[PDB]
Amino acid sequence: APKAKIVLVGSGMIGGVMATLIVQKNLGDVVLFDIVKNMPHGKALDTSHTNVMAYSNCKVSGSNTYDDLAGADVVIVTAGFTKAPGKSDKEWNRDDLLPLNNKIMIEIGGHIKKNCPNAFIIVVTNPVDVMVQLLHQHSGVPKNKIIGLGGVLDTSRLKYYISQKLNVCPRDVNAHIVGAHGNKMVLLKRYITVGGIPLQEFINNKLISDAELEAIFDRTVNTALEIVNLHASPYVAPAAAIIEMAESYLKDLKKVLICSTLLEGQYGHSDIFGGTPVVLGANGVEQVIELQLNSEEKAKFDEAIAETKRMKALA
C-alpha cells in the first residue's frame, strides 16, 4: 500500500506513546521494534485495537527482527539506556553510557543503510546531538534526511510555562532554544513572542517580570530532572514532539521546528549537529534557518557545541 511505514526502533516508554499517537492521527502503519522479546508484540496488539476508537486504519505490529526496517519511510530511534545503572535520580547526567549508546547507533546505522537507505530518520537516544551525528555517519543517509529531537520538546516547556503565567493559549507562545539539547541548551529571551508580539512588551507592561522569566528559564532547563524527582519520567511530551516532527515530514506541512541538524557554517560551526530551526517537509530538512544571534547569544551557542564535541570524543 501507499500508507507510510513508520518503524519505531525502540519500543519503550516513548515508543509506546508514539505508536498511540500515530494511530490517533492515522499517520501510517507502525512497527514497534525492540531487542526485548515479545514485549513489542504485546504493546502493538494493545495499540492496534485503538484503530476502532480512532476511526483509523493503521497496522501496528511488533518486531524482534532488524530486517523489518525494510521499506521504512520513517525510522524513529529511541533505542538505548535512559539512565546510568548505578547513578541516583538526583545525579542524572552524561559521561559513561556514551560508548554503549554509540554501539547501539552503529548497529542500527548498519541496518538502516542495508534495509531503508531512503528513509527519513529521527534520533532521540541521548545525548541526542551526539547520537544523531553518529547515526548519520553509520547509516550513510543524506544530511537532509536525519534530524535529532530537541528544540520542539525544550521549547514546548518554555512556551507552556509562559502561557500559564500570561493566561494565553500555549501554542500562541513562540520561543527558540538552540545549540544542544541538555544542560547547555541556549534559551533565547530575545526571540520569545506571545501571539506574535515581542515578549518584551509584556515585560514592559508588568504582565510578566524579568525575574519570573529567569525562573521559568531555569525550570525549562531542569524540567527532565524535575519530572524524575517527582517519581515520573519524561516520555509523553517527547513522544508528542517527535510525532509533530514526523507528521510535518509525512504531510509536507513545512513547519518551522527546532531540531538537531548538520551545521555547515551556521553560527560559525561545521562538521557537527546542533539545534536550530529547520523547515520539515516532503524533502526532509528543506531549509536550515540560521538565527542572526548577537555575540552574547553566540557565546552560549559555542558552549553548547563544545559540550557535544566533548561527549562525541568519549563515544
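Residue indices: 1-based, along the sequence shown. Rigid core here is just the name for the largest C-alpha set that superposes within 1.5 Å across the two forms.
Greater average departure of CA atoms from the shown form, over structures and residues in 6 other deposited structures of this protein after a core fit, characterises 227-235 among 227-235 and 240-248.
In terms of root mean square C-alpha deviation after superposing on the rigid core in 6 other deposited structures of this protein, the stretch standing farther out between 107-115 and 74-82 is 74-82. In the record comparison, residue 88 is unmodelled in at least a third of the other entries of this protein that model the residues flanking it. Stretch comparison (136-144 versus 238-246) by mean CA B-factor in the PDB entry places 136-144 on top. Once the C-alpha B-factors are averaged per stretch, 197-205 and 147-155 rank with 197-205 first. Comparing C-alpha B-factors across 178, 228, 131, 166 in the deposited entry, the largest value falls on 228.
Across 42, 28, 265, 275, the greatest Cα temperature factor reported in the deposited entry is at 265. Per the deposited record, the Cα B-factor of residue 92 falls in the highest third when ranked against the other modelled residues of its chain. In this PDB entry, residue 20 carries a Cα temperature factor that places it within the lowest third of its chain's modelled residues. The deposited CA B-factor of residue 292 belongs to the middle third of values across its chain. Residue 55: CA B factor in the highest third of modelled residues in this chain (values from the PDB entry).
Sorting the modelled residues of the chain by their CA temperature factor places residue 126 in the middle third.
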